[PDB]
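Asks: Next up is a structure, given as structure tokens.
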Amino acid sequence: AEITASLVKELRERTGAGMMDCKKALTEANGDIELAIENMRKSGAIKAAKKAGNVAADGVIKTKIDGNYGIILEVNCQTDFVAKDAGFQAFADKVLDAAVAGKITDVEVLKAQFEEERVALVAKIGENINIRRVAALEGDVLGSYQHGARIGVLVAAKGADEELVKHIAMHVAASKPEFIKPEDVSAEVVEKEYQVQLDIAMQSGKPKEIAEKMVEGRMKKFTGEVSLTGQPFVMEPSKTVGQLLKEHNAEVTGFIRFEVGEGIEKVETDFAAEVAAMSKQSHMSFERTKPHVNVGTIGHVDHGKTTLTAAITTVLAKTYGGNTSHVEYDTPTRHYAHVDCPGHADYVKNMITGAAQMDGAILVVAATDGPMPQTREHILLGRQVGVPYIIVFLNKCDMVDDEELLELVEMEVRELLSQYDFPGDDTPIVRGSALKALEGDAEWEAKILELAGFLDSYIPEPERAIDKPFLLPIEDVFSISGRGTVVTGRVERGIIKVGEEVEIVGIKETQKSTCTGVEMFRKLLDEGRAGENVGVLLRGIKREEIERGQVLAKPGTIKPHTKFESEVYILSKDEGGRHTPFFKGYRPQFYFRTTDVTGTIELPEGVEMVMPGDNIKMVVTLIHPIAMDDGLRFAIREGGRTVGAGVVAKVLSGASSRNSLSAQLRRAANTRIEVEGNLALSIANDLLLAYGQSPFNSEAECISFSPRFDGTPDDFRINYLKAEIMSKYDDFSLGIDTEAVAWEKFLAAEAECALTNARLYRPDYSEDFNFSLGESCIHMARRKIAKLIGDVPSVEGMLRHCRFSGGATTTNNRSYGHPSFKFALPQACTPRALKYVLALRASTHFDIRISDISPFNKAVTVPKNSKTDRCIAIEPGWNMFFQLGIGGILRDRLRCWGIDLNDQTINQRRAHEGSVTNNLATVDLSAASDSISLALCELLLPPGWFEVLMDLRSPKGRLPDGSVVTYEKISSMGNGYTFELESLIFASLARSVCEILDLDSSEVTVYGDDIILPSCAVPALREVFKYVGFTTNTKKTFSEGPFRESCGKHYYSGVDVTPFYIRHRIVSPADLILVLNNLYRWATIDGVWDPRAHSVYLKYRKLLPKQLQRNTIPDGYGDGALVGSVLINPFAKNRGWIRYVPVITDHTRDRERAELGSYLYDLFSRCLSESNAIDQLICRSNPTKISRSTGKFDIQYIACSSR
RNA sequence: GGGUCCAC
RNA sequence: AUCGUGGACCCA
Ligand SMILES: Nc1nc2c(ncn2[C@@H]2O[C@H](COP(=O)(O)OP(=O)(O)OP(=O)(O)O)C[C@H]2O)c(=O)[nH]1
Ligand SMILES: [Ca+2]
Ligand SMILES: [Ca+2]
């Protein structure tokens, strides 16, 4: 102890100084009141001194307007909480007011006019806070916008009234225009920018005026975009601010916008790792049902909430046992996850988003100082975010002489806690020291344990989902004869035993029923527990009386509501959200558990605009009811895109478009564009002419032209286009061409597998004597394959990959290709595959039927080139079901060889690399999979795998002839594993060739038959390939050009030269629009036209119905309209702050689905799930609906966004 | 899972 | 009448 404790208190609640700083400073003043104050004053500067070391990236912006003189203020601090603290507020307010009356604009004048009072706060608050920048603006009429505290703007305008400047001050706030007019721009920044960009493209080989006209064009936009004038007005994006101004014959003499912490470095912080940094210097020196508890640490930055979390972690594993950046520690009875709450807006975001709710927090104040002023905001955060419980850890107590002075701090904190309706008198306050606890000081060491004790007994145990009342969100409803109505979904809370009664509540007038049963795909069941996907059978309720969106619940347990208040986070542009602000009548979709519902909102008192990234409270009223109570999370959507997240906070009491304009566009769409001859050919020739190349002078030329693999990238680009553009056109007349050539090819491959099948089952040449590269690779590949693949396909593996999907089987036509029809209609199967079906039949109570048991698949023909089709075979359904099982296991395994058959994007980039580097080759095989013979396959794969492949393939094929083939190849295109299998065979060979040549196997990459491996390996790979029956496509393999190509991307010395194809006769406006869009994407850099192609574009644009020539959409939205500028689009309809544009759609009619088949398909899928910053988890997977395509077009409005 | 696009 | 796989956009 030292001096009277009652005296320090008098000093503190007079000065706002830390406890110990009041003590030691009162000890040297010999107990002199008005004296101690000064010793601290003169010190307040040395304090701020060491303070001004810390980065202060947070703060506020303030704004003041006197008649027609205004000023913008940027005083900032280092924390959210300080930013909204009364004291910091009052400083910033005064430092502003004082800068108004005294029209100051010199940062350093007031920066010093207050330097005195600035140490005043910095002492008290204990964060570096400095005036950053000031500026002032005068104009004839001016107006300010304040976007919370984070952005302020001053706008000076001549000719405009109150509303005008308000509105364009808001726009400046949203759209960061760095200049008032496109010409204002630094004729320098733009000068060298046009000299830099004039090569980037002139290096393509683009002729002078071509790259000149293009660069010019960009910078016309480039400047228009960063300029208030040429910006789409934020409250009216169809017209620009420029045009808006000119409509009120007014103008902006200038503007200012400051944003808190702009340009400040703003250091990243990693809490998790960060702790392990402190638990390092010290660490060196089955209860699996235990509940998980989320706790939060919150307090003053250097009061050491960090050091504590460290002390907690060490001591808690040193003694007892052993989302997103969260340390976690274990207690004999509970498991804790622990996050730091560094900022107020950050936490509110994570609470809404769900990426971190919290069961209890721990407030960390140092007894050295005591509550800070911003300590109230810490607690206030807790109150506003609804933390149920707050524990206090009093830290740094070893540095408190008088324990009567701890009695004092603990008092202030209870007093605050209670001021915010927390149970102050009753909240645990452990008095300890994190630091001495890391230094294994058994005393202070047990105080941590103590605090932990409170976490166990003070924060109550979170209700297990199973302990809650029953609720299942209905995903789909089926009517099954002789079973009744049944709903499927995942049970969210509780248990439902057959017998029990249930309400079905949500969209309609709530209804009641009883549980007739509970089933999964494998077994029937008598109850469904939380977390289980199930069907639930219901008694007496028709299936047109249930609806996705409704919930199934224990009766009275949940109610339907329409109006409620919430806290939402609006996604930033960054995070895939809106890029434009919205306003009063925002009208999006609210996605609850399993469905969207339209709803209007009302903003809070005084907020008029919302920006991507904003938290906000809003009151939401829905177009019809949804079952809900407090805590229900939801997503905000714009036609499929997720733009925000929210949680219901308190449920309340509840209570455009175009007709003969869509009709106009629909008529246009079903119009038939009509011309003379081959419109495609005409377009291709007009293109070639515009690039000064000879046209095709006949149909027969369009498919027989070879490029020159030299010349500049630009020359080559149009050459390759010319070689490819018409190469797959399906409507040439000139030609007795047929699918005859396809079947010839199909027979040639079989004949080749017949050779290699004989050769490879007889390689006793005479004697060992001679050794060969091929023989060796097969041996090398075999062994490596076995290592990757197993002796046999796991039963788990197959159980998580088998499934139906897609199109026609031997028993179903395209119409009945949906999985639900494969389950509802008996599928054919192969003699050797029958046991698989039976094993399936034995594992489920559902009927598993086979229609016929033959060894045939159906070989048909399918389009490919202008000069040949491609022979496919349609499999028996049950065989397909299992072929996909092995195809899915091979897919996974290949991931261990760096092969990823989900991402063609990795092959495209190595093709680009290869064309610049010449170290990687791209190779193609001729009849890639058709050439993989039985023999090769039998030598490479484990016998276990080979037998299974043999059970699962179709051994025979019946052709359109009626003729048969007994397959020489291991499998045909159309099989459910041929693709993954061919990928494996090719990879293993190429990898083996690498090892034999002393290259790295990892350099080998394969997507089906798109092979990429080091250029030096090619001659040896060619040799191996020849040996094993393959024939490499010398025309499509490149190991030495400037040219590469893989998975649809073509490169010439790094430049993208992938072409586009006119595949069909152009007959409808949709046909023409695709072609023109394909031209657009081919000839367009960043929305800017190569002029050579533009001319051809505008010519054929004219062949479209007129409305359709102006109906434009942004790229990335398909081809139901011309890709162009959407702001120009006259048919655009902005509705509720979301932009709807109409696109052409293929028009469909509904068809009846198969009820049992769909139900089976549903349960089967849920069975699959179970066998195998993130909030997108707020969505599902959709009901089976069947539809037939009529041959007409429809018009669909869709949600759109400038970019 | 459909329609479309682009690919293996 | 149009097999298997992947990716994107719209639907759903
Ligand atoms: N089931 C199926 N597989 C395909 C299809 N297209 C390509 N593939 C698969 O990927 C491999 C690549 O085929 P392609 O390179 O286009 O043709 P190819 O059979 O090897 O013949 P070629 O190069 O001589 O034209 C072969 C085949 O397994 C297809 O349309 N259906
Ligand atoms: Ca090929
Ligand atoms: Ca290829």
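Following the order of the structure tokens, first chain is A, next is B, and so on, with residues numbered from 1 inside each chain and ligands from 1 in the order they appear.
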At a cut-off of 12 Å around ligand 3, and using only C-alpha atoms (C1' of nucleotides) and all ligand atoms, what residues come up? Please write them as a PyMOL selection string.

Replies: (chain A and resi 904+907-908+911+921-929+983+1006-1012+1032-1038+1044-1050) or (chain B and resi 7-8)

Asks: Could you take the residues named above and write them with C-alpha atoms (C1' of nucleotides), as a PDB file, in the first residue's frame?

Replies:
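Okay, result04.pdb is ready:
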```
ATOM      1  CA  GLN A 904      -9.723 -27.172 -67.262  1.00  0.00           C
ATOM      2  CA  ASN A 907      -4.429 -26.849 -68.538  1.00  0.00           C
ATOM      3  CA  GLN A 908      -5.188 -23.559 -70.254  1.00  0.00           C
ATOM      4  CA  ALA A 911      -0.736 -24.047 -72.665  1.00  0.00           C
ATOM      5  CA  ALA A 921       4.310 -29.435 -75.102  1.00  0.00           C
ATOM      6  CA  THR A 922       0.568 -29.933 -75.685  1.00  0.00           C
ATOM      7  CA  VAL A 923      -0.130 -33.334 -77.211  1.00  0.00           C
ATOM      8  CA  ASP A 924      -3.218 -34.853 -78.792  1.00  0.00           C
ATOM      9  CA  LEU A 925      -4.133 -38.466 -79.442  1.00  0.00           C
ATOM     10  CA  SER A 926      -6.142 -39.490 -82.515  1.00  0.00           C
ATOM     11  CA  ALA A 927      -9.010 -41.650 -81.373  1.00  0.00           C
ATOM     12  CA  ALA A 928      -8.078 -41.008 -77.807  1.00  0.00           C
ATOM     13  CA  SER A 929     -10.389 -43.332 -75.895  1.00  0.00           C
ATOM     14  CA  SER A 983      -6.960 -39.636 -68.099  1.00  0.00           C
ATOM     15  CA  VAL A1006      -3.816 -34.391 -68.159  1.00  0.00           C
ATOM     16  CA  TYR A1007      -7.451 -33.533 -68.860  1.00  0.00           C
ATOM     17  CA  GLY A1008      -8.869 -36.462 -70.798  1.00  0.00           C
ATOM     18  CA  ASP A1009      -6.780 -36.436 -73.903  1.00  0.00           C
ATOM     19  CA  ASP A1010      -5.302 -32.939 -73.488  1.00  0.00           C
ATOM     20  CA  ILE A1011      -1.857 -33.942 -72.373  1.00  0.00           C
ATOM     21  CA  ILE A1012       0.826 -31.558 -71.234  1.00  0.00           C
ATOM     22  CA  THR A1032      -0.709 -39.364 -81.767  1.00  0.00           C
ATOM     23  CA  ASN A1033      -2.510 -36.589 -83.671  1.00  0.00           C
ATOM     24  CA  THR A1034       0.516 -35.012 -85.307  1.00  0.00           C
ATOM     25  CA  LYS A1035      -1.644 -32.125 -86.560  1.00  0.00           C
ATOM     26  CA  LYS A1036      -2.919 -31.190 -83.099  1.00  0.00           C
ATOM     27  CA  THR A1037       0.246 -31.763 -81.091  1.00  0.00           C
ATOM     28  CA  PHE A1038       2.749 -28.973 -80.637  1.00  0.00           C
ATOM     29  CA  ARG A1044       0.035 -24.115 -77.972  1.00  0.00           C
ATOM     30  CA  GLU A1045      -3.494 -25.181 -77.092  1.00  0.00           C
ATOM     31  CA  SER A1046      -5.308 -26.997 -74.310  1.00  0.00           C
ATOM     32  CA  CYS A1047      -8.910 -27.282 -73.145  1.00  0.00           C
ATOM     33  CA  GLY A1048     -10.264 -24.673 -75.526  1.00  0.00           C
ATOM     34  CA  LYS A1049      -7.596 -22.008 -75.168  1.00  0.00           C
ATOM     35  CA  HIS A1050      -5.195 -21.337 -78.025  1.00  0.00           C
TER      36      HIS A1050
ATOM     37  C1'   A B   7     -14.536 -27.149 -73.586  1.00  0.00           C
ATOM     38  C1'   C B   8     -12.316 -32.874 -73.160  1.00  0.00           C
TER      39        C B   8
END
```

Asks: Select, as a list in words, those residues of chain A with any atom no more than 6 Å from chain C (distances computed using only C-alpha atoms (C1' of nucleotides)).

Replies: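 Residues of chain A within 6 Å of chain C, counting only C-alpha atoms (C1' of nucleotides): residues 872, 873, 874, 902, 974, 975, 976, 1117 and 1118 of chain A.
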
Asks: What is the atom CA of residue 896 of chain A-atom 30 (O, counted along the ligand's line) of ligand 1 distance in Å, reported with one decimal?

Replies: 26.5 Å

Asks: Can you pull out the residues contacting residue 81 of chain A? Cut-off 8 Å, using only C-alpha atoms (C1' of nucleotides), and skip same-chain residues under 6 positions away; I want them as a VMD selection string.

Replies: chain A and resid 343 to 344 374 377 to 378

Asks: Using C-alpha atoms, can you write the selected residues to a file as a CSV table (one decimal), in the first residue's frame?

Replies:
```csv
chain,number,residue,atom,x,y,z
A,343,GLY,CA,-13.8,-3.4,-33.6
A,344,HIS,CA,-17.5,-2.6,-33.2
A,374,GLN,CA,-14.2,3.9,-24.3
A,377,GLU,CA,-18.5,1.3,-25.8
A,378,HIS,CA,-17.0,-2.1,-25.2
```

Asks: So which residues touch segment 305-320 of chain A within 9 Å, counting only C-alpha atoms (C1' of nucleotides), skipping near sequence neighbours fewer than 5 positions away, as number ranges by chain?

Replies: A: 271, 274-279, 282-283, 297-300, 327-332, 338, 340, 363-365, 393, 395, 433-438, 440, 445-446, 448-449, 451-452

Asks: Find the distance between atom CA of residue 296 of chain A and atom CA of residue 339 of chain A and write it in Å to one decimal.

Replies: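 Value for the atom CA of residue 296 of chain A-atom CA of residue 339 of chain A distance: 4.9 Å.
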